[PDB]
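Trainee: Sharing a structure here in structure tokens format.
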Amino acid sequence: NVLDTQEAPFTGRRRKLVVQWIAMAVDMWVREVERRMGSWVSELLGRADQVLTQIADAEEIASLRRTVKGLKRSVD
Amino acid sequence: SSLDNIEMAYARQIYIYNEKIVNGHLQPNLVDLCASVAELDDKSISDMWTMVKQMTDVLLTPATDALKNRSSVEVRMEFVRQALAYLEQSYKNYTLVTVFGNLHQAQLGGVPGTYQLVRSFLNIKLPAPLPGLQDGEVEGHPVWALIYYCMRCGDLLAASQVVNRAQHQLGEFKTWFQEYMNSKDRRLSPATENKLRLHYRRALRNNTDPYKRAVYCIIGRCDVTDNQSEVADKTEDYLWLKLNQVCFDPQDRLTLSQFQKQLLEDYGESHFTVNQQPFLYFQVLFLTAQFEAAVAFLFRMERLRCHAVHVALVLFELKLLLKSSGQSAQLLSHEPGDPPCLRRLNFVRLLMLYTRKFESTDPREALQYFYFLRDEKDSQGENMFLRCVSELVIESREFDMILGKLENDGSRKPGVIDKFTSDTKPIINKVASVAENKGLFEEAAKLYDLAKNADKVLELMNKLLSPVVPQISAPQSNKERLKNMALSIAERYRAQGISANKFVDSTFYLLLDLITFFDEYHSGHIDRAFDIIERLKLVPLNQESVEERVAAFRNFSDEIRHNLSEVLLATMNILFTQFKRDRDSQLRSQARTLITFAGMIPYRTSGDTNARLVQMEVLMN
Amino acid sequence: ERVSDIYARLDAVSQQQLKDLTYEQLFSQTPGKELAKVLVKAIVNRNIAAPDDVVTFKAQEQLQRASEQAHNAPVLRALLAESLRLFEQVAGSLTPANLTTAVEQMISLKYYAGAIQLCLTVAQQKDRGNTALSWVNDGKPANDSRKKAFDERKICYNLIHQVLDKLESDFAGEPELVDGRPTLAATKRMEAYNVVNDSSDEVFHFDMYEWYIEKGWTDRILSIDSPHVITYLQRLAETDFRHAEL
């Protein structure tokens, strides 16, 4: 809900941090399922990737895109 | 064991072929590895593999799609030649055993020249002269008989020698035949081919010499409808007669597609299996490039399942078998977006059937056959080989043998699957996952512990311990059998520095301490048991700690809160006993503490427990 | 975890670094951090025997379990398919040691196509700018720093050679057709070589032309059709007799 509305302070290039949060949260989620969610999470991680390209720390973003696309595989 | 003598020998050969690919060695000839067992059986099977080798021994384009090789006119042409070379050589052996009683008998005296053999073959099969022969004889036999059976045996040179000694009698046939022997692909030039066909059709359409008729339209590939039944009375003689008549790019012409389809569509199994001889039909399909049909067909004969599966594998490891994309289709089918003259084999189902027979008590051999499915997946994405190993372990329950037994000393003796892939983390969880879903926690723990997945091992170990925490640990009980495995998991998890998240892990070592608290309590070692509970700082004993201990209970695993009732009572009964034996004030103070704690904690059987706790404190005073 | 089990299966420099490892070094020195990484890496590639460094472990765990199976098309295929899925998500980060072991394990389980697909993916991810294609198109000037980019693709291409090599080896003597339709050994040959001809990696196809030439497969190379191979030869002709003959 935060990544779509883009109400301040969650605007502009600061949304790079919103994706980092989403990566951490979802990553901790699949790691908590594989230790022991649907289309809408895959819809998000892919939509979260548009944000990283729309923002394109040149190497941080690049490394982060490959962490998102890794989670999209883990859910599908 | 569910494997017959023949099937077992094949399994061993398939283990070799797997051992070679598992150690990266040279890809040996599978067809040779299968014919190695065939010689241990009757020649009915040996002569099959001979056909399989010769029909698959065609120059291919490595790393090319299967459908492409089989659609290419290039390859389709060589199939016809490899078959004709088999029908000719096969017939040549029939001609030997016809003259000599045994192949060995012919060999000791020496195989005679194809010419003298054929001559010594005509003596028997026509002892008296037929009155309808033409063009005289040659060294005591009709010239056309010699030419036919020489061409039938495949020795065109031997046939041309016959022609050279009858130059005057045969007329213009010499210059025509000499061209056929020269031109490749057993075809003449359109101009000369036209000259002879029209001559034959002119006044020789019905000649009293059947051998003359046969040779002419074998050379000219004419009169495709006339099966020359006078000379081609056997089935192989028919196949050979037609494969010498097929053509490639409108009247009086037959092509492989028409012939191959014409045979099985109009004259199906029914026509070729009335004599209850199965290989006859198989040879008809295999020597016409219809490998999928012949494989499915022969796979239904319950006595020849082994052979049909392997001839499928050979075609599969040679990029020649046309697999069916969808796994929901029948065993034999024609894809909707493919030409009607080709068929497809549901290879996945094929192996799945063969395996179910001996997968129950012969797992090792089953895996060897499951490996060929390594390159395929299913609709859900799982690797077919990996899934087949999961299902085979769920059913067979052969964990130590197939997955590798992880002893209680910290060793992992590898299993049979370790040979095929080194990434054994998923299936061990797959097998552990279902057994977990079937309430088989004690097994799911051993399995999860085999894959060093402590998050799940300790989780399940928490569930198996909480019920047994206050119970009496007695020889061979369910407590001993679970406590002793938990301790064997505590050592191996400390010596190897392994641990799950602190929530799962903290509870696991906490229960182990409590299990010690009751094992000491039930033994009468009151002093020793009191000391343990004091360390855990789980139950307050001085009024100052009540506030913090009460807050901790809120976030402690319910596997602990469950056993709070028995802990308070044992601890109370401990102080209770020590009282009957200043110190009195100290026990009295601690007695109070337990009550106030229990009063502020909502827990299991708080009613009966809180009452008993208060009574035991009153008797102290 | 099982400690000495790791130790026994270590190097000597790894075994001797752990021997004289102090807590100070672990806490505040690089060699200590490096060894910690080595050790965790070992226990991860054994239960398989940062969402990038986490996924890579699970992938090794999936692949390790696959090899521990009795061969269940459903379970084996699932584990393999997933292992590949995961590895590809972290393709750009894979080290030559992890890639090699993975490919080898997949090769042992007859997962040829899959192995090849991983190698190509890894090659494309370690160089999305195609610095390698331009470095080859520029004659490979020494002292240039695209060599690294080309080397990281060559390690993937070599591993692809091993896959195809082991494929023809594993299926040496196996027939391409049985009873009419194709065998399973044949379909894996087609599925593998499909992945090959389905690629758009150009440095890869150059490396494969060179490879075909090496192995002597005039069979397949003369049958490509494409000009791409002609144009490639037109540059390398005045240079080698064997190429000029092609």
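Simple scheme: letters A, B, ... for chains in structure tokens order, numbers from 1 for residues in each chain, numbers from 1 for ligands in the order shown.
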Hey, what does DSSP flag as alpha helix (DSSP H) within segment 84-141 of chain C? Can you give it to me as a ChimeraX atom specification?

Mentor: /C:84-89,96-108,112-125,131-136

Trainee: Write a file of the just-selected residues containing N, CA and C atoms, as an mmCIF file, in the first residue's frame.

Mentor:
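Writing done, so here's selection.cif:
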data_model
loop_
_atom_site.group_PDB
_atom_site.id
_atom_site.type_symbol
_atom_site.label_atom_id
_atom_site.label_comp_id
_atom_site.auth_asym_id
_atom_site.auth_seq_id
_atom_site.Cartn_x
_atom_site.Cartn_y
_atom_site.Cartn_z
ATOM 1 N N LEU C 84 17.241 -25.212 -10.654
ATOM 2 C CA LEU C 84 17.573 -24.371 -11.795
ATOM 3 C C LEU C 84 16.909 -23.005 -11.658
ATOM 4 N N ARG C 85 15.636 -23.012 -11.279
ATOM 5 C CA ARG C 85 14.889 -21.779 -11.063
ATOM 6 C C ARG C 85 15.653 -20.848 -10.120
ATOM 7 N N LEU C 86 16.111 -21.395 -9.000
ATOM 8 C CA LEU C 86 16.796 -20.605 -7.981
ATOM 9 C C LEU C 86 18.158 -20.104 -8.456
ATOM 10 N N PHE C 87 18.975 -21.007 -8.996
ATOM 11 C CA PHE C 87 20.305 -20.641 -9.483
ATOM 12 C C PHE C 87 20.246 -19.480 -10.474
ATOM 13 N N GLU C 88 19.264 -19.514 -11.369
ATOM 14 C CA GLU C 88 19.124 -18.477 -12.386
ATOM 15 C C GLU C 88 18.838 -17.108 -11.773
ATOM 16 N N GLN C 89 18.120 -17.086 -10.654
ATOM 17 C CA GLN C 89 17.814 -15.830 -9.971
ATOM 18 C C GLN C 89 19.069 -15.161 -9.415
ATOM 19 N N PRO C 96 32.683 -19.450 -10.048
ATOM 20 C CA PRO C 96 33.082 -20.591 -10.880
ATOM 21 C C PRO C 96 33.044 -21.929 -10.139
ATOM 22 N N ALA C 97 33.338 -21.916 -8.844
ATOM 23 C CA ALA C 97 33.354 -23.145 -8.059
ATOM 24 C C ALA C 97 31.937 -23.674 -7.829
ATOM 25 N N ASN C 98 31.014 -22.772 -7.507
ATOM 26 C CA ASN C 98 29.625 -23.155 -7.287
ATOM 27 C C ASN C 98 28.932 -23.567 -8.584
ATOM 28 N N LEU C 99 29.254 -22.881 -9.674
ATOM 29 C CA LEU C 99 28.662 -23.201 -10.968
ATOM 30 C C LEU C 99 29.099 -24.584 -11.430
ATOM 31 N N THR C 100 30.396 -24.855 -11.332
ATOM 32 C CA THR C 100 30.946 -26.129 -11.778
ATOM 33 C C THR C 100 30.284 -27.293 -11.047
ATOM 34 N N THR C 101 30.309 -27.245 -9.719
ATOM 35 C CA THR C 101 29.710 -28.302 -8.905
ATOM 36 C C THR C 101 28.243 -28.515 -9.265
ATOM 37 N N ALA C 102 27.494 -27.423 -9.389
ATOM 38 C CA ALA C 102 26.087 -27.495 -9.765
ATOM 39 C C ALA C 102 25.902 -28.209 -11.107
ATOM 40 N N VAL C 103 26.604 -27.743 -12.137
ATOM 41 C CA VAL C 103 26.503 -28.349 -13.462
ATOM 42 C C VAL C 103 26.821 -29.838 -13.403
ATOM 43 N N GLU C 104 27.908 -30.187 -12.722
ATOM 44 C CA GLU C 104 28.309 -31.584 -12.596
ATOM 45 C C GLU C 104 27.203 -32.431 -11.979
ATOM 46 N N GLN C 105 26.576 -31.917 -10.926
ATOM 47 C CA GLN C 105 25.491 -32.635 -10.258
ATOM 48 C C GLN C 105 24.292 -32.809 -11.181
ATOM 49 N N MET C 106 23.970 -31.767 -11.937
ATOM 50 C CA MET C 106 22.880 -31.839 -12.905
ATOM 51 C C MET C 106 23.208 -32.825 -14.027
ATOM 52 N N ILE C 107 24.472 -32.857 -14.440
ATOM 53 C CA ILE C 107 24.909 -33.774 -15.485
ATOM 54 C C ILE C 107 24.748 -35.223 -15.033
ATOM 55 N N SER C 108 25.022 -35.470 -13.755
ATOM 56 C CA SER C 108 24.933 -36.810 -13.197
ATOM 57 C C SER C 108 23.486 -37.297 -13.150
ATOM 58 N N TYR C 112 20.705 -32.479 -18.734
ATOM 59 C CA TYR C 112 21.625 -31.804 -19.647
ATOM 60 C C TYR C 112 21.137 -30.417 -20.055
ATOM 61 N N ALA C 113 19.941 -30.350 -20.629
ATOM 62 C CA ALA C 113 19.365 -29.076 -21.044
ATOM 63 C C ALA C 113 19.455 -28.060 -19.915
ATOM 64 N N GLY C 114 18.967 -28.448 -18.741
ATOM 65 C CA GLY C 114 18.958 -27.569 -17.589
ATOM 66 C C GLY C 114 20.328 -26.996 -17.285
ATOM 67 N N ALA C 115 21.333 -27.867 -17.275
ATOM 68 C CA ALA C 115 22.703 -27.450 -17.002
ATOM 69 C C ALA C 115 23.154 -26.387 -17.999
ATOM 70 N N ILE C 116 22.910 -26.643 -19.280
ATOM 71 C CA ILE C 116 23.286 -25.708 -20.337
ATOM 72 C C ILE C 116 22.584 -24.365 -20.161
ATOM 73 N N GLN C 117 21.294 -24.406 -19.841
ATOM 74 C CA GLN C 117 20.509 -23.187 -19.682
ATOM 75 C C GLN C 117 21.046 -22.311 -18.553
ATOM 76 N N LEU C 118 21.575 -22.942 -17.512
ATOM 77 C CA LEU C 118 22.141 -22.201 -16.393
ATOM 78 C C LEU C 118 23.423 -21.495 -16.823
ATOM 79 N N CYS C 119 24.286 -22.218 -17.532
ATOM 80 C CA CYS C 119 25.556 -21.669 -17.995
ATOM 81 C C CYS C 119 25.352 -20.449 -18.897
ATOM 82 N N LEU C 120 24.417 -20.550 -19.836
ATOM 83 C CA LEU C 120 24.135 -19.432 -20.727
ATOM 84 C C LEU C 120 23.637 -18.232 -19.928
ATOM 85 N N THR C 121 22.702 -18.484 -19.019
ATOM 86 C CA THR C 121 22.144 -17.429 -18.184
ATOM 87 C C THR C 121 23.236 -16.729 -17.382
ATOM 88 N N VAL C 122 24.142 -17.511 -16.797
ATOM 89 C CA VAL C 122 25.222 -16.949 -15.991
ATOM 90 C C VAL C 122 26.139 -16.089 -16.847
ATOM 91 N N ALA C 123 26.406 -16.545 -18.066
ATOM 92 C CA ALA C 123 27.261 -15.809 -18.988
ATOM 93 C C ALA C 123 26.656 -14.451 -19.319
ATOM 94 N N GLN C 124 25.351 -14.431 -19.571
ATOM 95 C CA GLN C 124 24.659 -13.205 -19.958
ATOM 96 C C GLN C 124 24.519 -12.216 -18.802
ATOM 97 N N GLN C 125 24.516 -12.716 -17.572
ATOM 98 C CA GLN C 125 24.322 -11.862 -16.402
ATOM 99 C C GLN C 125 25.616 -11.224 -15.914
ATOM 100 N N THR C 131 30.405 -6.482 -23.237
ATOM 101 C CA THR C 131 31.794 -6.046 -23.344
ATOM 102 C C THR C 131 32.638 -7.107 -24.041
ATOM 103 N N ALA C 132 32.216 -8.363 -23.933
ATOM 104 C CA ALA C 132 32.942 -9.469 -24.541
ATOM 105 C C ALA C 132 32.787 -9.459 -26.057
ATOM 106 N N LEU C 133 31.567 -9.216 -26.528
ATOM 107 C CA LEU C 133 31.296 -9.205 -27.961
ATOM 108 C C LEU C 133 32.098 -8.120 -28.669
ATOM 109 N N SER C 134 32.262 -6.980 -28.006
ATOM 110 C CA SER C 134 32.997 -5.864 -28.591
ATOM 111 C C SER C 134 34.501 -6.106 -28.512
ATOM 112 N N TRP C 135 34.931 -6.835 -27.486
ATOM 113 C CA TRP C 135 36.346 -7.130 -27.298
ATOM 114 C C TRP C 135 36.833 -8.141 -28.335
ATOM 115 N N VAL C 136 35.935 -9.024 -28.759
ATOM 116 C CA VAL C 136 36.250 -9.985 -29.808
ATOM 117 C C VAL C 136 36.149 -9.307 -31.170
#

Trainee: Env of residue 223 of chain B: 12 Å cut, atoms = only C-alpha atoms, seq-sep filter 2 positions within chain, self excluded. Answer as a ChimeraX atom specification.

Mentor: /B:197-198,200-201,204-206,213-221,225-228,241-242,244-246,251-254

Trainee: Name the residues in contact with residue 66 of chain B at a cut-off of 12 Å, using only C-alpha atoms, excluding same-chain residues fewer than 6 positions from it; report them as a VMD selection string.

Mentor: (chain B and resid 60 72 75 315 to 324 344) or (chain C and resid 176 to 177 181 to 194)

Trainee: I need the residues of segment 108-201 of chain B that end up classed as strand (DSSP E) by DSSP on the backbone, written out as a ChimeraX atom specification.

Mentor: /B:137-138,141-142

Trainee: Would you save the residues from that selection as a PDB file, in the first residue's frame, using N, CA, C and O atoms?

Mentor:
ATOM      1  N   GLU B 137      18.288 -71.082 -69.679  1.00  0.00           N
ATOM      2  CA  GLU B 137      18.969 -71.340 -68.422  1.00  0.00           C
ATOM      3  C   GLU B 137      20.404 -70.827 -68.488  1.00  0.00           C
ATOM      4  O   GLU B 137      20.882 -70.365 -69.528  1.00  0.00           O
ATOM      5  N   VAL B 138      21.085 -70.906 -67.346  1.00  0.00           N
ATOM      6  CA  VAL B 138      22.499 -70.555 -67.233  1.00  0.00           C
ATOM      7  C   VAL B 138      23.114 -71.548 -66.258  1.00  0.00           C
ATOM      8  O   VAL B 138      22.776 -71.541 -65.070  1.00  0.00           O
ATOM      9  N   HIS B 141      20.172 -73.525 -64.580  1.00  0.00           N
ATOM     10  CA  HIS B 141      19.103 -72.868 -63.842  1.00  0.00           C
ATOM     11  C   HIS B 141      18.549 -71.724 -64.665  1.00  0.00           C
ATOM     12  O   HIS B 141      19.281 -71.119 -65.456  1.00  0.00           O
ATOM     13  N   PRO B 142      17.266 -71.402 -64.505  1.00  0.00           N
ATOM     14  CA  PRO B 142      16.686 -70.300 -65.277  1.00  0.00           C
ATOM     15  C   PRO B 142      17.378 -68.982 -64.949  1.00  0.00           C
ATOM     16  O   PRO B 142      17.640 -68.666 -63.787  1.00  0.00           O
TER      17      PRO B 142
END

Trainee: Please identify every residue of chain C that has at least one atom no more than 6 Å from any atom of chain B, counting only C-alpha atoms, and report them as a ChimeraX atom specification.

Mentor: /C:1-3,47-49,60-81,105,108-111,166,168-190,193,220

Trainee: I need the residues from that last selection saved to file as a CSV table (one decimal), in the first residue's frame (with C-alpha atoms), if you can.

Mentor:
chain,number,residue,atom,x,y,z
C,1,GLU,CA,26.3,-28.6,13.5
C,2,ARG,CA,28.5,-31.6,12.8
C,3,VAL,CA,31.9,-29.8,13.0
C,47,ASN,CA,22.6,-29.7,3.8
C,48,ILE,CA,22.0,-29.2,0.1
C,49,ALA,CA,24.4,-32.1,-0.5
C,60,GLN,CA,22.4,-26.3,-3.5
C,61,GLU,CA,20.1,-27.9,-0.9
C,62,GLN,CA,17.5,-28.7,-3.6
C,63,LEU,CA,20.1,-30.1,-6.0
C,64,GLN,CA,21.6,-32.2,-3.2
C,65,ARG,CA,18.3,-33.7,-2.3
C,66,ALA,CA,17.6,-34.5,-6.0
C,67,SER,CA,20.7,-36.6,-6.2
C,68,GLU,CA,19.7,-38.4,-2.9
C,69,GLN,CA,16.5,-39.8,-4.6
C,70,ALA,CA,15.4,-43.1,-5.9
C,71,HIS,CA,14.4,-41.3,-9.1
C,72,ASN,CA,10.8,-40.2,-9.0
C,73,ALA,CA,10.0,-38.2,-12.2
C,74,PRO,CA,7.7,-36.0,-10.1
C,75,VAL,CA,10.1,-35.5,-7.1
C,76,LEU,CA,13.3,-35.5,-9.1
C,77,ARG,CA,12.0,-33.3,-11.9
C,78,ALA,CA,10.6,-30.9,-9.3
C,79,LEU,CA,13.8,-30.6,-7.3
C,80,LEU,CA,15.9,-30.2,-10.5
C,81,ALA,CA,13.4,-27.7,-12.0
C,105,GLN,CA,25.5,-32.6,-10.3
C,108,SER,CA,24.9,-36.8,-13.2
C,109,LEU,CA,21.1,-36.7,-13.0
C,110,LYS,CA,20.7,-36.5,-16.8
C,111,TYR,CA,19.6,-32.9,-16.6
C,166,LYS,CA,29.0,-36.3,-21.2
C,168,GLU,CA,27.1,-38.3,-26.2
C,169,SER,CA,29.2,-40.4,-23.8
C,170,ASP,CA,26.3,-41.4,-21.5
C,171,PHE,CA,24.3,-42.4,-24.6
C,172,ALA,CA,27.0,-44.1,-26.6
C,173,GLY,CA,25.4,-47.1,-28.3
C,174,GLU,CA,21.9,-46.0,-27.4
C,175,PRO,CA,19.4,-46.1,-30.4
C,176,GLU,CA,17.6,-42.9,-31.4
C,177,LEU,CA,14.4,-44.9,-32.1
C,178,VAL,CA,12.8,-47.9,-30.4
C,179,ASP,CA,9.8,-49.8,-31.8
C,180,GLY,CA,9.2,-46.7,-34.0
C,181,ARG,CA,9.0,-43.7,-31.7
C,182,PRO,CA,11.9,-41.9,-30.0
C,183,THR,CA,13.6,-43.1,-26.8
C,184,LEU,CA,14.2,-41.1,-23.7
C,185,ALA,CA,17.9,-40.8,-24.5
C,186,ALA,CA,17.1,-39.3,-27.9
C,187,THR,CA,14.7,-36.7,-26.5
C,188,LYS,CA,17.3,-35.5,-24.1
C,189,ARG,CA,19.7,-35.0,-27.0
C,190,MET,CA,17.1,-33.0,-28.9
C,193,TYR,CA,20.7,-29.2,-28.5
C,220,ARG,CA,26.9,-30.2,-38.1

Trainee: Sorted by chain and rising residue number, list the residues of chain A at most 12 Å from chain C (counting only C-alpha atoms), each with its closest atom pair and distance in Å to one decimal, as JSON lines.

Mentor:
{"residue": "A:20", "atom": "CA", "partner": "C:50", "partner_atom": "CA", "distance": 10.8}
{"residue": "A:22", "atom": "CA", "partner": "C:51", "partner_atom": "CA", "distance": 11.6}
{"residue": "A:23", "atom": "CA", "partner": "C:51", "partner_atom": "CA", "distance": 7.8}
{"residue": "A:24", "atom": "CA", "partner": "C:51", "partner_atom": "CA", "distance": 8.1}
{"residue": "A:25", "atom": "CA", "partner": "C:51", "partner_atom": "CA", "distance": 10.8}
{"residue": "A:26", "atom": "CA", "partner": "C:51", "partner_atom": "CA", "distance": 9.7}
{"residue": "A:27", "atom": "CA", "partner": "C:51", "partner_atom": "CA", "distance": 6.5}
{"residue": "A:28", "atom": "CA", "partner": "C:51", "partner_atom": "CA", "distance": 9.2}
{"residue": "A:29", "atom": "CA", "partner": "C:51", "partner_atom": "CA", "distance": 11.4}
{"residue": "A:30", "atom": "CA", "partner": "C:51", "partner_atom": "CA", "distance": 10.3}
{"residue": "A:31", "atom": "CA", "partner": "C:54", "partner_atom": "CA", "distance": 8.9}
{"residue": "A:34", "atom": "CA", "partner": "C:58", "partner_atom": "CA", "distance": 9.2}
{"residue": "A:35", "atom": "CA", "partner": "C:58", "partner_atom": "CA", "distance": 10.8}
{"residue": "A:62", "atom": "CA", "partner": "C:92", "partner_atom": "CA", "distance": 10.5}
{"residue": "A:63", "atom": "CA", "partner": "C:52", "partner_atom": "CA", "distance": 8.8}
{"residue": "A:64", "atom": "CA", "partner": "C:51", "partner_atom": "CA", "distance": 9.1}
{"residue": "A:65", "atom": "CA", "partner": "C:89", "partner_atom": "CA", "distance": 10.1}
{"residue": "A:66", "atom": "CA", "partner": "C:89", "partner_atom": "CA", "distance": 6.7}
{"residue": "A:67", "atom": "CA", "partner": "C:51", "partner_atom": "CA", "distance": 5.4}
{"residue": "A:68", "atom": "CA", "partner": "C:51", "partner_atom": "CA", "distance": 8.1}
{"residue": "A:69", "atom": "CA", "partner": "C:89", "partner_atom": "CA", "distance": 6.2}
{"residue": "A:70", "atom": "CA", "partner": "C:89", "partner_atom": "CA", "distance": 4.5}
{"residue": "A:71", "atom": "CA", "partner": "C:51", "partner_atom": "CA", "distance": 7.5}
{"residue": "A:72", "atom": "CA", "partner": "C:89", "partner_atom": "CA", "distance": 8.8}
{"residue": "A:73", "atom": "CA", "partner": "C:85", "partner_atom": "CA", "distance": 6.6}
{"residue": "A:74", "atom": "CA", "partner": "C:86", "partner_atom": "CA", "distance": 7.2}
{"residue": "A:75", "atom": "CA", "partner": "C:86", "partner_atom": "CA", "distance": 10.8}
{"residue": "A:76", "atom": "CA", "partner": "C:85", "partner_atom": "CA", "distance": 10.0}

Trainee: Write the residues of the selection above to a file with C-alpha atoms, as a PDB file, in the first residue's frame.

Mentor:
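Output below, filename again01.pdb:
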ATOM      1  CA  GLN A  20      14.546  -2.762   0.152  1.00  0.00           C
ATOM      2  CA  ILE A  22       9.734  -5.237   0.594  1.00  0.00           C
ATOM      3  CA  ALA A  23      12.697  -7.446  -0.276  1.00  0.00           C
ATOM      4  CA  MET A  24      13.547  -7.944   3.400  1.00  0.00           C
ATOM      5  CA  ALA A  25       9.943  -8.632   4.389  1.00  0.00           C
ATOM      6  CA  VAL A  26       9.105 -11.049   1.570  1.00  0.00           C
ATOM      7  CA  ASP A  27      12.518 -12.700   1.906  1.00  0.00           C
ATOM      8  CA  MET A  28      11.851 -13.294   5.595  1.00  0.00           C
ATOM      9  CA  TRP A  29       8.448 -14.655   4.528  1.00  0.00           C
ATOM     10  CA  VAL A  30       9.588 -17.316   2.053  1.00  0.00           C
ATOM     11  CA  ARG A  31      12.403 -18.260   4.436  1.00  0.00           C
ATOM     12  CA  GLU A  34      10.524 -23.020   3.434  1.00  0.00           C
ATOM     13  CA  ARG A  35      11.474 -23.480   7.097  1.00  0.00           C
ATOM     14  CA  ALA A  62      21.582  -3.250  -9.877  1.00  0.00           C
ATOM     15  CA  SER A  63      22.293  -5.724  -7.061  1.00  0.00           C
ATOM     16  CA  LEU A  64      18.843  -5.075  -5.585  1.00  0.00           C
ATOM     17  CA  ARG A  65      16.991  -5.874  -8.831  1.00  0.00           C
ATOM     18  CA  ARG A  66      18.597  -9.321  -8.757  1.00  0.00           C
ATOM     19  CA  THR A  67      17.363  -9.813  -5.180  1.00  0.00           C
ATOM     20  CA  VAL A  68      13.793  -8.955  -6.210  1.00  0.00           C
ATOM     21  CA  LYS A  69      13.773 -11.196  -9.292  1.00  0.00           C
ATOM     22  CA  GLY A  70      15.099 -13.918  -7.003  1.00  0.00           C
ATOM     23  CA  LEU A  71      12.068 -13.643  -4.718  1.00  0.00           C
ATOM     24  CA  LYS A  72       9.653 -13.610  -7.669  1.00  0.00           C
ATOM     25  CA  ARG A  73      10.977 -17.048  -8.597  1.00  0.00           C
ATOM     26  CA  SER A  74      10.690 -18.248  -4.977  1.00  0.00           C
ATOM     27  CA  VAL A  75       6.952 -17.459  -4.874  1.00  0.00           C
ATOM     28  CA  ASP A  76       5.820 -18.571  -8.344  1.00  0.00           C
TER      29      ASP A  76
END

Trainee: Which polymer residues have any atom within 9 Å of an atom of residue 119 of chain B, counting only C-alpha atoms, with same-chain residues fewer than 5 positions away left out, as a list in words?

Mentor: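 The filter keeps residues 114, 139, 140, 141 and 146 of chain B.
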
Trainee: Please list as a list in words every residue within 12 Å of residue 525 of chain B, counting only C-alpha atoms and excluding residues in the same chain fewer than 5 positions away.

Mentor: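 Contacts, in chain order: residues 516, 517, 518, 519, 520, 530, 531, 532, 574, 577 and 578 of chain B.
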
Trainee: Rounded to one decimal in Å, what is the spacing between atom CA of residue 486 of chain B and atom CA of residue 36 of chain C?

Mentor: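 The value is 28.2 Å.
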
Trainee: Skip residue 444 of chain B itself and residues of its chain fewer than 6 positions away, then list as a PDB file with N, CA, C and O atoms, in the first residue's frame all residues within 6 Å of it, counting only C-alpha atoms.

Mentor:
ATOM      1  N   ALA B 432      10.514 -35.665   3.717  1.00  0.00           N
ATOM      2  CA  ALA B 432      10.269 -35.234   5.090  1.00  0.00           C
ATOM      3  C   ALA B 432       8.990 -34.413   5.191  1.00  0.00           C
ATOM      4  O   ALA B 432       8.324 -34.429   6.232  1.00  0.00           O
ATOM      5  N   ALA B 435       5.733 -36.891   5.139  1.00  0.00           N
ATOM      6  CA  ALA B 435       5.711 -37.620   6.403  1.00  0.00           C
ATOM      7  C   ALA B 435       5.396 -36.696   7.569  1.00  0.00           C
ATOM      8  O   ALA B 435       4.833 -37.138   8.577  1.00  0.00           O
ATOM      9  N   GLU B 436       5.750 -35.412   7.454  1.00  0.00           N
ATOM     10  CA  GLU B 436       5.333 -34.435   8.453  1.00  0.00           C
ATOM     11  C   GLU B 436       3.833 -34.182   8.366  1.00  0.00           C
ATOM     12  O   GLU B 436       3.154 -34.070   9.393  1.00  0.00           O
TER      13      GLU B 436
END

Trainee: Please identify all polymer residues within 10 Å of segment 1-15 of chain A, counting only C-alpha atoms, omitting same-chain residues fewer than 4 positions from it, and present them as a short mmCIF file (atom, residue, chain, number, x, y, z; two decimals) with N, CA and C atoms, in the first residue's frame.

Mentor:
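The result, written out as selection32.cif:
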data_model
loop_
_atom_site.label_atom_id
_atom_site.label_comp_id
_atom_site.auth_asym_id
_atom_site.auth_seq_id
_atom_site.Cartn_x
_atom_site.Cartn_y
_atom_site.Cartn_z
N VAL A 19 11.49 -0.49 -1.60
CA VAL A 19 11.71 -1.80 -2.20
C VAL A 19 12.62 -2.65 -1.33
N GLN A 20 13.67 -2.04 -0.77
CA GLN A 20 14.55 -2.76 0.15
C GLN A 20 13.76 -3.35 1.31
N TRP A 21 12.81 -2.58 1.86
CA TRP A 21 11.93 -3.11 2.89
C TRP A 21 11.13 -4.30 2.36
N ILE A 22 10.55 -4.16 1.17
CA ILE A 22 9.73 -5.24 0.59
C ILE A 22 10.59 -6.48 0.36
N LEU A 44 3.42 -7.63 -7.01
CA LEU A 44 4.13 -6.54 -6.35
C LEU A 44 5.61 -6.55 -6.67
N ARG A 47 6.16 -5.30 -9.96
CA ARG A 47 5.87 -3.87 -9.92
C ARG A 47 6.93 -3.11 -9.14
N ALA A 48 7.49 -3.72 -8.10
CA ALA A 48 8.62 -3.13 -7.38
C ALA A 48 9.85 -2.99 -8.26
N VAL A 51 10.03 0.22 -10.26
CA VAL A 51 10.50 1.33 -9.44
C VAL A 51 12.01 1.44 -9.54
N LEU A 52 12.71 0.31 -9.52
CA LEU A 52 14.17 0.35 -9.53
C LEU A 52 14.71 0.81 -10.88
N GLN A 54 12.79 2.75 -13.01
CA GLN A 54 12.30 4.12 -13.05
C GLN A 54 13.22 5.05 -12.26
N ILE A 55 13.92 4.51 -11.25
CA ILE A 55 14.87 5.27 -10.46
C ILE A 55 16.25 5.30 -11.11
N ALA A 56 16.58 4.28 -11.90
CA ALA A 56 17.86 4.24 -12.60
C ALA A 56 17.90 5.29 -13.72
#
